[PDB]
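In what follows, a structure is listed as structure tokens, so that the remarks can point back to it.
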Amino acid sequence: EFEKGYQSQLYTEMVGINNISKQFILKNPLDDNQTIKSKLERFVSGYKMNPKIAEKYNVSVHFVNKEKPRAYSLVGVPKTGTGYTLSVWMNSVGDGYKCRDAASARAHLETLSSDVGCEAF
Numbered sequence: 027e028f029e030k031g032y033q034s035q036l037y038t039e040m041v042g043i044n045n046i047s048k049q050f051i052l053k054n055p056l057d058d059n060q061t062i063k064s065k066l067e068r069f070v071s072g073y074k075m076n077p078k079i080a081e082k083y084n085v086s087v088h089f090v091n092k093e094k095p096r097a098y099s100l101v102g103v104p105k106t107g108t109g110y111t112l113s114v115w116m117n118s119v120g121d122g123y124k125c126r127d128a129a130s131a132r133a134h135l136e137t138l139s140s141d142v143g144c145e146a147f
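Read in order, the letters of the sequence shown are residues 27 to 147 in the entry's author numbering.
Structure (structure tokens):
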């Protein structure tokens, strides 16, 4: 399908977003947790993907513990009205997952069960 096709181009994009985010961290080791969290949020929500992925998907940065914000994650889920479901999420240590639906992406799930969930790649 074109859709799996797109879910996979979205991952490649998010890898590129993750690579630039790494540089935010290396280049600014003096930033306090508040500052790097907002800097990453601005960078990731401003981020411009390839025009035909940008129309389809939203990417956003999440922090499981906001006082360890160098530990971030990226979530990528369809824009609304597009009729899409397939999603993605990834670690800042580079674990990547393709997810059957946005909710499992937002939930940071790592396995397929109950006909929802995510699996690695």
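Cβ atoms here follow ideal geometry from the backbone N, Cα and C, with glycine treated the same way.
Asked, Found
"Can you tell me the Cα-Cα spacing of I51 and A128, whole angstroms?", "27 Å"
"Just tell me which of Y32, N45 and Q35 has its CA closest to the CA of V119.", "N45"
"Within its chain, find whatever has a CB closer than 7 Å to the CB of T108; leave out the 5 residues flanking it on each side and keep chain order.", "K82"
"Using 8 Å as the Cβ pair cut-off and three pairs as the minimum, do the region 71–85 and the region 51–63 touch?", "no"
"According to DSSP, is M116 helix, strand or coil?", "strand"
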